[PDB]
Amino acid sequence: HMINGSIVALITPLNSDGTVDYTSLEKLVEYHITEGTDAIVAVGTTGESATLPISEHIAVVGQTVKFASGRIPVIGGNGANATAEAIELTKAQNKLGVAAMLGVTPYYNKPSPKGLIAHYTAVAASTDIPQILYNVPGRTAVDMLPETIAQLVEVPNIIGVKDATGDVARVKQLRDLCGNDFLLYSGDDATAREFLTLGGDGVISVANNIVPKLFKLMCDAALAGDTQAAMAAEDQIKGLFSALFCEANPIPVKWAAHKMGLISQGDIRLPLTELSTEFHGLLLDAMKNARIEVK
C-alpha cells in the first residue's frame, strides 16, 4: 500500500456519563486533517478498544470514517484474543470505508506461533481490506517474532506490521525475511525516529495525538534521509515520549488532550482512571517543553 509516515492512534473521547463524545471525535478528526497527519487509527489500544463493547467499537470506527469524508485514511482497530471475535469485528467493518484494519495479537491467552499464524489467516480470509499486524508483548504477554510474521507476508491482504517492542534491530530482521514491500510501522514513540532511520515505513503513535505537526515533520524528515532535520524535530518533543507513559497509555495522553482543549471531558472508562495528581506537573512541564500552548 501507500499508508505511511505519521499515523495517530486516536484517543476515543468520552462525555461525563462515559458515553462516546462524537462532537469531540469530529473535532479530533478535523484537527488531524489540518495538522497534516497521514492516517488515523480508530479504536486501537490508545482508543481504549478493551472498554468499548462491539457495537460501540464499530460505531466509533464508522463515525471516524464519516468525519474523515475522504480527506484522511482511517484504519479500523480489529484485534481480539478469540479468533472468532476478531472475524466478527472484521466482518462488521467490511462495509465501513476503512482504508485498512489493525489487529493486535491475542492477549492474555498466550497462543503458540502456529496459533498466531492460524488466527491471522482466518481473519485475513474474512475480508479484502488490508490487515496490519500488531505485536506488543509488553501488554499481550506474547512476542510475535519476525520469523512468525514472515510466514504471513504471503497472505495477499496482510500488508504490514505495527511492532511496539522498541527493539530497532527488528527492522533489518523484518526487512530481510519479509521483503521491501511489507510495511513496517513503529509502535514505540521513543525509538520511532531511529526505527524510520533504519528502514521503517511509518509510525503509529501516541504522542501524535498532541504534537501532530512536529511529529509529522520528524517522520517526513527521517523518511527523506534528512536526519538533522529529523533529530531537530524530535528534540523539541522527546520528553513527551516518556511523560505520556507515567501511567498506562492512554491515561496520560487523554489528560493532555483535555488540558489542551482538544476534547470536552477527560473521562476514561474503568478500569482505567484519570491521570493522578502526582503526575500532573511532570506532564504539564513536558507539554510546555514540546511547545504546546496552555497554560
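For every residue, the number given is its place in the sequence shown, counted from 1.
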Do the C-alpha atoms of 174 to 182 or of 113 to 121 have the higher average B factor in the entry?
174 to 182
Tell me which stretch, 219 to 227 or 139 to 147, has the higher mean Cα B-factor listed in the entry.
219 to 227
Classify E48 as lowest, middle or highest third according to the C-alpha B-factor given in the PDB entry, relative to its own chain.
lowest
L10, C-alpha B-factor rank within chain (lowest, middle or highest third)
lowest
Taking the entry's C-alpha B-factors for this chain, is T277 in the lowest, middle or highest third?
highest
Chain third (lowest, middle, highest) by recorded CA B-factor, residue given as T90
middle
Within-chain third of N157 by Cα B-factor, per the entry
highest
